[PDB]
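Q: Handing over upload.txt, compact mmCIF, C-alpha atoms.
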# COMPACT_ATOMS: atom_id res chain seq x y z
CA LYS Y 464 27.70 6.29 -11.98
CA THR Y 465 28.03 7.15 -8.23
CA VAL Y 466 29.13 3.85 -6.56
CA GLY Y 467 30.19 4.03 -2.88
CA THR Y 468 28.38 4.09 0.47
CA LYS Y 469 25.05 5.66 -0.62
CA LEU Y 470 22.04 6.42 1.44
CA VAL Y 471 19.15 7.98 -0.42
CA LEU Y 472 16.38 8.57 2.03
CA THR Y 473 13.07 10.49 2.03
CA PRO Y 474 11.75 10.34 5.62
CA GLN Y 475 8.04 11.01 6.44
CA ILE Y 476 6.90 11.64 10.07
CA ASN Y 477 3.91 10.14 11.95
CA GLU Y 478 2.49 13.15 13.96
CA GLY Y 479 3.82 11.50 17.21
CA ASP Y 480 6.91 9.17 17.02
CA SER Y 481 7.34 6.61 14.26
CA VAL Y 482 9.20 7.49 11.02
CA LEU Y 483 8.22 6.08 7.58
CA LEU Y 484 11.63 5.78 5.83
CA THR Y 485 11.79 5.25 2.05
CA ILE Y 486 15.33 3.84 1.70
CA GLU Y 487 17.32 3.13 -1.45
CA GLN Y 488 20.86 2.23 -0.31
CA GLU Y 489 23.77 0.04 -1.29
CA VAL Y 490 27.46 -0.54 -0.60
CA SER Y 491 28.97 -1.00 -4.06
CA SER Y 492 32.49 -1.07 -5.49
CA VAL Y 493 34.36 -1.37 -8.81
CA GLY Y 494 36.26 -4.46 -7.49
CA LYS Y 495 39.94 -3.30 -7.95
CA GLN Y 496 40.92 0.07 -9.65
CA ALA Y 497 43.75 -2.00 -11.35
CA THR Y 498 41.64 -5.16 -12.24
CA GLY Y 499 39.57 -5.90 -15.40
CA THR Y 500 36.29 -7.80 -16.06
CA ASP Y 501 35.30 -10.88 -18.25
CA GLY Y 502 32.82 -8.40 -19.84
CA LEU Y 503 33.44 -4.92 -21.30
CA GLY Y 504 32.82 -2.05 -18.79
CA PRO Y 505 33.53 -1.85 -15.03
CA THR Y 506 31.60 -4.22 -12.65
CA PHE Y 507 30.22 -3.47 -9.16
CA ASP Y 508 29.92 -5.38 -5.88
CA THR Y 509 26.74 -3.92 -4.41
CA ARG Y 510 24.74 -4.50 -1.27
CA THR Y 511 21.47 -2.79 -1.79
CA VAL Y 512 18.16 -2.54 -0.09
CA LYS Y 513 15.35 -0.27 -1.28
CA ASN Y 514 12.25 -0.42 0.88
CA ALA Y 515 9.87 1.65 2.90
CA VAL Y 516 10.00 0.77 6.61
CA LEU B 202 -38.59 52.58 -8.54
CA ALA B 203 -38.18 50.45 -5.32
CA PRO B 204 -34.93 49.72 -3.35
CA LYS B 205 -32.16 47.57 -5.03
CA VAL B 206 -29.02 45.76 -3.66
CA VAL B 207 -25.35 45.65 -4.86
CA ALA B 208 -21.72 45.16 -3.71
CA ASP B 209 -18.05 46.00 -4.55
CA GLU B 210 -15.37 43.27 -4.12
CA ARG B 211 -12.38 45.79 -4.31
CA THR B 212 -13.35 47.46 -0.93
CA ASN B 213 -15.88 44.64 -0.09
CA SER B 214 -18.64 47.26 0.32
CA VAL B 215 -22.42 46.75 0.30
CA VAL B 216 -24.22 49.17 -1.97
CA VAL B 217 -27.92 49.97 -1.45
CA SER B 218 -30.04 52.14 -3.80
CA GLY B 219 -33.44 53.08 -2.26
CA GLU B 220 -35.73 54.04 0.71
CA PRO B 221 -34.60 54.80 4.28
CA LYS B 222 -36.66 51.69 5.28
CA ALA B 223 -34.16 49.95 2.89
CA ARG B 224 -31.25 51.79 4.67
CA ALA B 225 -32.78 50.57 8.00
CA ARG B 226 -33.36 46.89 6.89
CA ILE B 227 -30.28 46.48 4.60
CA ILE B 228 -27.92 47.85 7.31
CA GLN B 229 -29.45 44.82 9.20
CA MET B 230 -28.70 42.50 6.19
CA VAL B 231 -25.12 43.98 6.01
CA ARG B 232 -24.74 42.90 9.69
CA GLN B 233 -26.53 39.52 9.21
CA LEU B 234 -23.89 38.24 6.70
CA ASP B 235 -20.85 40.30 7.88
CA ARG B 236 -20.20 37.29 10.18
CA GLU B 237 -16.63 35.85 10.08
CA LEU B 238 -15.76 32.10 9.90
CA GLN B 239 -15.53 30.24 13.24
CA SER B 240 -12.22 28.25 13.27
CA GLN B 241 -13.47 25.43 10.90
CA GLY B 242 -13.25 26.93 7.36
CA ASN B 243 -14.27 25.88 3.83
CA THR B 244 -10.70 24.51 3.38
CA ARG B 245 -8.85 22.25 5.85
CA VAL B 246 -5.29 20.91 5.76
CA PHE B 247 -4.88 17.28 6.95
CA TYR B 248 -1.47 16.42 8.33
CA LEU B 249 -1.17 12.80 7.19
CA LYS B 250 1.02 10.67 9.49
CA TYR B 251 1.52 7.19 7.79
CA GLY B 252 0.11 8.18 4.32
CA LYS B 253 2.06 10.22 1.66
CA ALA B 254 0.25 13.40 0.53
Is it possible to give me this structure as structure tokens?

A:
Amino acid sequence: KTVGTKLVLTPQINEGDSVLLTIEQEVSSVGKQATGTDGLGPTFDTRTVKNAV
Amino acid sequence: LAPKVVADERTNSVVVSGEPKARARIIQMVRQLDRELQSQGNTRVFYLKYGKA
């Protein structure tokens, strides 16, 4: 799984000025590369926002 | 036994078989429909600005 600063964006242009941006982004992390979990695999701190604007 | 009309789509050629009155009037009909398109075609392409194609 690719967890880091991700921007996935498909822009679409209004003939004149204003951009339609389909954004799926997040800032995510595996906590500490020397720390475990109460579960079973790695966990991730994510800040995500997927929207069209 | 009277004049008949044809065409080839490899050379795009009119073919006549008949009279010289048919040569005279079908050289007119060649010219009548040998008109090109004027800008606006059968097919258009719309550049959508806020909508996704």

Q: List every residue of chain B that has an atom at most 9 Å from any atom of chain Y, and for each one report the closest atom pair and its distance in Å to one decimal, counting only C-alpha atoms, with rows sorted by chain and then by increasing residue number, as a tab-separated table.

A:
residue	atom	partner	partner_atom	distance
B:248	CA	Y:478	CA	7.6
B:249	CA	Y:477	CA	7.5
B:250	CA	Y:477	CA	3.8
B:251	CA	Y:477	CA	5.6
B:252	CA	Y:475	CA	8.7
B:253	CA	Y:475	CA	7.7

Q: One decimal, in Å: what's the spacing between CA of residue 509 (chain Y) and CA of residue 474 (chain Y)?

A: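 Answer for the CA of residue 509 (chain Y) to CA of residue 474 (chain Y) separation: 23.0 Å.
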
Q: Please report the interatomic distance between CA of residue 220 (chain B) and CA of residue 202 (chain B) in Å with one decimal.

A: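 CA of residue 220 (chain B) sits 9.8 Å away from CA of residue 202 (chain B).
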
Q: Counting only C-alpha atoms, what is within 9 Å of residue 512 (chain Y), bar same-chain residues fewer than 3 positions away, as a ChimeraX atom specification?

A: /Y:486-489

Q: Output the selection as a compact mmCIF listing (two decimals), in the frame of the given file - C-alpha atoms for each residue.

A:
# COMPACT_ATOMS: atom_id res chain seq x y z
CA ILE Y 486 15.33 3.84 1.70
CA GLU Y 487 17.32 3.13 -1.45
CA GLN Y 488 20.86 2.23 -0.31
CA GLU Y 489 23.77 0.04 -1.29

Q: For the point (29.0, -4.8, -1.6) in the file's frame, write as a PDB file with C-alpha atoms, in the coordinates of the input all residues with an atom no more than 6 Å away, counting all atoms listed in the file.

A:
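Just written: part_31.pdb:
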ATOM      1  CA  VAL Y 490      27.460  -0.540  -0.600  1.00  0.00           C
ATOM      2  CA  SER Y 491      28.970  -1.000  -4.060  1.00  0.00           C
ATOM      3  CA  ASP Y 508      29.920  -5.380  -5.880  1.00  0.00           C
ATOM      4  CA  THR Y 509      26.740  -3.920  -4.410  1.00  0.00           C
ATOM      5  CA  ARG Y 510      24.740  -4.500  -1.270  1.00  0.00           C
TER       6      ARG Y 510
END

Q: Would you mind reading off the distance between CA of residue 231 (chain B) and CA of residue 215 (chain B), one decimal, in Å?

A: 6.9 Å

Q: Quick one: of Y:473, Y:485, Y:492, Y:468, who's nearest to residue 506 (chain Y), counting all atoms listed in the file?

A: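 So, comparing all the options, the nearest one is Y:492.
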
Q: With distances taken over only C-alpha atoms, which residue among B:254, B:206, B:238, B:246 lies nearest residue 223 (chain B)?

A: B:206

Q: Env of region 224-228 of chain B: 10 Å cut, atoms = only C-alpha atoms, seq-sep filter 4 positions within chain, self excluded. Answer as a list in words.

A: residues 204, 205, 206, 215, 216, 217, 218, 219, 220, 232 and 233 of chain B

Q: Generate the output file for the selected residues, C-alpha atoms, as a PDB file, in the frame of the given file.

A:
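The resulting result35.pdb:
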ATOM      1  CA  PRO B 204     -34.930  49.720  -3.350  1.00  0.00           C
ATOM      2  CA  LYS B 205     -32.160  47.570  -5.030  1.00  0.00           C
ATOM      3  CA  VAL B 206     -29.020  45.760  -3.660  1.00  0.00           C
ATOM      4  CA  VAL B 215     -22.420  46.750   0.300  1.00  0.00           C
ATOM      5  CA  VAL B 216     -24.220  49.170  -1.970  1.00  0.00           C
ATOM      6  CA  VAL B 217     -27.920  49.970  -1.450  1.00  0.00           C
ATOM      7  CA  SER B 218     -30.040  52.140  -3.800  1.00  0.00           C
ATOM      8  CA  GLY B 219     -33.440  53.080  -2.260  1.00  0.00           C
ATOM      9  CA  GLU B 220     -35.730  54.040   0.710  1.00  0.00           C
ATOM     10  CA  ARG B 232     -24.740  42.900   9.690  1.00  0.00           C
ATOM     11  CA  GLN B 233     -26.530  39.520   9.210  1.00  0.00           C
TER      12      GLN B 233
END

Q: Would you mind completing region 210-234 of chain B so that it carries N, CA and C atoms, and writing it out as an mmCIF file, in the coordinates of the input?

A:
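Produced file selection00.cif, reproduced below:
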data_model
loop_
_atom_site.group_PDB
_atom_site.id
_atom_site.type_symbol
_atom_site.label_atom_id
_atom_site.label_comp_id
_atom_site.auth_asym_id
_atom_site.auth_seq_id
_atom_site.Cartn_x
_atom_site.Cartn_y
_atom_site.Cartn_z
ATOM 1 N N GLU B 210 -16.296 44.289 -4.656
ATOM 2 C CA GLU B 210 -15.370 43.270 -4.120
ATOM 3 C C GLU B 210 -13.938 43.847 -4.029
ATOM 4 N N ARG B 211 -13.698 45.096 -4.471
ATOM 5 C CA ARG B 211 -12.380 45.790 -4.310
ATOM 6 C C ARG B 211 -12.248 46.309 -2.869
ATOM 7 N N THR B 212 -13.296 46.949 -2.327
ATOM 8 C CA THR B 212 -13.350 47.460 -0.930
ATOM 9 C C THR B 212 -14.124 46.480 -0.031
ATOM 10 N N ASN B 213 -14.776 45.484 -0.653
ATOM 11 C CA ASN B 213 -15.880 44.640 -0.090
ATOM 12 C C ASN B 213 -16.896 45.545 0.604
ATOM 13 N N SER B 214 -17.653 46.285 -0.192
ATOM 14 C CA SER B 214 -18.640 47.260 0.320
ATOM 15 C C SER B 214 -20.037 46.870 -0.161
ATOM 16 N N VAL B 215 -21.008 46.859 0.744
ATOM 17 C CA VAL B 215 -22.420 46.750 0.300
ATOM 18 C C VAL B 215 -22.804 48.090 -0.287
ATOM 19 N N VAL B 216 -23.611 47.995 -1.319
ATOM 20 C CA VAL B 216 -24.220 49.170 -1.970
ATOM 21 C C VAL B 216 -25.720 48.947 -1.925
ATOM 22 N N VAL B 217 -26.436 49.933 -1.405
ATOM 23 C CA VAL B 217 -27.920 49.970 -1.450
ATOM 24 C C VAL B 217 -28.297 51.108 -2.401
ATOM 25 N N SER B 218 -29.425 50.992 -3.092
ATOM 26 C CA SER B 218 -30.040 52.140 -3.800
ATOM 27 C C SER B 218 -31.540 52.158 -3.489
ATOM 28 N N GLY B 219 -31.994 53.012 -2.562
ATOM 29 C CA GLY B 219 -33.440 53.080 -2.260
ATOM 30 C C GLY B 219 -33.807 53.844 -0.993
ATOM 31 N N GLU B 220 -35.030 53.556 -0.521
ATOM 32 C CA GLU B 220 -35.730 54.040 0.710
ATOM 33 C C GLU B 220 -34.830 54.119 1.939
ATOM 34 N N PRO B 221 -35.185 54.949 2.947
ATOM 35 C CA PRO B 221 -34.600 54.800 4.280
ATOM 36 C C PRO B 221 -35.088 53.587 5.090
ATOM 37 N N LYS B 222 -36.247 53.019 4.749
ATOM 38 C CA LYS B 222 -36.660 51.690 5.280
ATOM 39 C C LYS B 222 -35.693 50.641 4.724
ATOM 40 N N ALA B 223 -35.195 50.823 3.494
ATOM 41 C CA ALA B 223 -34.160 49.950 2.890
ATOM 42 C C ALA B 223 -32.812 50.208 3.569
ATOM 43 N N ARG B 224 -32.450 51.469 3.845
ATOM 44 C CA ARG B 224 -31.250 51.790 4.670
ATOM 45 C C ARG B 224 -31.376 51.047 6.002
ATOM 46 N N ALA B 225 -32.524 51.175 6.670
ATOM 47 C CA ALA B 225 -32.780 50.570 8.000
ATOM 48 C C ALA B 225 -32.661 49.042 7.919
ATOM 49 N N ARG B 226 -33.306 48.375 6.951
ATOM 50 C CA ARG B 226 -33.360 46.890 6.890
ATOM 51 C C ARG B 226 -32.135 46.306 6.171
ATOM 52 N N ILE B 227 -31.454 47.062 5.315
ATOM 53 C CA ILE B 227 -30.280 46.480 4.600
ATOM 54 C C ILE B 227 -29.012 46.772 5.399
ATOM 55 N N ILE B 228 -29.007 47.751 6.301
ATOM 56 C CA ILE B 228 -27.920 47.850 7.310
ATOM 57 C C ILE B 228 -28.029 46.626 8.238
ATOM 58 N N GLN B 229 -29.235 46.101 8.470
ATOM 59 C CA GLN B 229 -29.450 44.820 9.200
ATOM 60 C C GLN B 229 -28.884 43.663 8.369
ATOM 61 N N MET B 230 -29.140 43.629 7.060
ATOM 62 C CA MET B 230 -28.700 42.500 6.190
ATOM 63 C C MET B 230 -27.176 42.550 5.954
ATOM 64 N N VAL B 231 -26.588 43.750 5.931
ATOM 65 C CA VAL B 231 -25.120 43.980 6.010
ATOM 66 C C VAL B 231 -24.584 43.218 7.220
ATOM 67 N N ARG B 232 -25.205 43.420 8.382
ATOM 68 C CA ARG B 232 -24.740 42.900 9.690
ATOM 69 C C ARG B 232 -25.021 41.404 9.782
ATOM 70 N N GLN B 233 -26.105 40.942 9.164
ATOM 71 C CA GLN B 233 -26.530 39.520 9.210
ATOM 72 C C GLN B 233 -25.461 38.615 8.587
ATOM 73 N N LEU B 234 -24.805 39.074 7.523
ATOM 74 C CA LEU B 234 -23.890 38.240 6.700
ATOM 75 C C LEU B 234 -22.454 38.729 6.805
#
